[PDB]
Amino acid sequence: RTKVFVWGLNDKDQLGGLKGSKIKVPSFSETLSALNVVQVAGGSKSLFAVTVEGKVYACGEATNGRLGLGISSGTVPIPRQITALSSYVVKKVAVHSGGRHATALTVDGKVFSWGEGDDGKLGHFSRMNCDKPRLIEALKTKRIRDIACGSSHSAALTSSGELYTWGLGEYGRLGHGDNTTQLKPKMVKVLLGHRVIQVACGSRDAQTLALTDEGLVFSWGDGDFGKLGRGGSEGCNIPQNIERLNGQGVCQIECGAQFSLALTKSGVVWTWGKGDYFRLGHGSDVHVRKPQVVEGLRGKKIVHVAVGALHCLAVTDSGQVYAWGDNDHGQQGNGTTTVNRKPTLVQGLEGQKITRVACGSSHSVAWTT
């Protein structure tokens, strides 16, 4: 039994079966709790769940085929299974919080993509949309161990540590030294000789992050608001090391809208980038152009984080969920629509030892094991 809780925006039933549009307090999801979820992932007004059986369920806005259920208009208000993937064991779904396309990675290392096909982010040597998932033929020969999607590009990394990016080339987010759109996965040759073990992709004029098995964090792409983490606002189409995070023990990296977040093995959260609407968690809405420790969580061992467009969630080792950022749609889970300028204990989860959070554009998810 895996207890799942949702809140935030529900205008397109992306919360999976709640009445109302601004769910302001976490709410037990009967649909999602029944599935026995291993992962929940949130896209643009969309929700995905990977069950312990390896199946995938989707709900939310159907526009652009973002749900992979064979339709490209309307809404799916009850989680439905992505039967295209029924004969595979899916281990993970990657979607950006402001995303209209996604990928699924199977346990044997095959990768499927579906949704909006603009700028080639699906990886099928085209710009076609895909209403149902399709095997990224280009990666058949590679054992893929992780995936990430931005709003306009996608990434996959192999067991050996090589990183592939593809999709919209503009502002250098792909990391190949030019700004050329890539319609098929292309290997980031600069990161060879580093074992890349995780990657994260942003939205709109986007950055990209990579993490190596030695703790090194790399960033590239759009530089606006200092989201690349090296000060100023200069973009870069070549992966550059974020010197400040070296030796910190970074173990997870995420990209919200125009900002970056890192979590360390010892439990520290670092954020940087665009500060508007308090998405960084430092108590003010100024930009932060090199990574800064989120002081409001000092002394709380954070074990899992998730980022939406303008909000963050962090789980403590004791099962408490802290949120910060914008609250126009109740995604803070403080029972109001008041912004959390600093990390704030989420309401209505006491007694529930939460181990995982996820976010979509303006909604939130917490669940147990």
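Residue numbering: from 1, along the chain as shown.
According to its header, the structure was obtained by X-ray crystallography, 2.4 Å.
Every residue gets a Cβ built from N, Cα and C, even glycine.
Residues or ranges marked as repeat 'RCC1 2-1' by Swiss-Prot on the basis of experimental evidence: 1-52. The repeat 'RCC1 2-2' feature in Swiss-Prot is assigned to 53-107; the stated evidence is experimental evidence. Residues annotated as repeat 'RCC1 2-3' in Swiss-Prot, with experimental evidence given as evidence: 108-159. The annotation repeat 'RCC1 2-4' is assigned in Swiss-Prot to 161-211 on the grounds of experimental evidence. For 214-265, the entry in Swiss-Prot reads repeat 'RCC1 2-5'. Residues or ranges marked as repeat 'RCC1 2-6' by Swiss-Prot: 267-317. If you look up Swiss-Prot, you'll see 318-369 marked as repeat 'RCC1 2-7'.
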Please check if the repeat 'RCC1 2-1' (1-52) comes into contact with the repeat 'RCC1 2-5' (214-265), where contact means 3 or more CB pairs closer than 8 Å and the residues in each pair are separated by 6 or more positions.
no
Contact ranking winner - 53-107, 267-317, 318-369 against the repeat 'RCC1 2-4' (161-211), Cβ under 8 Å:
53-107
Residue counts for the repeat 'RCC1 2-2' (53-107) under DSSP, helix then strand then coil, are 6 helix, 25 strand, 24 coil
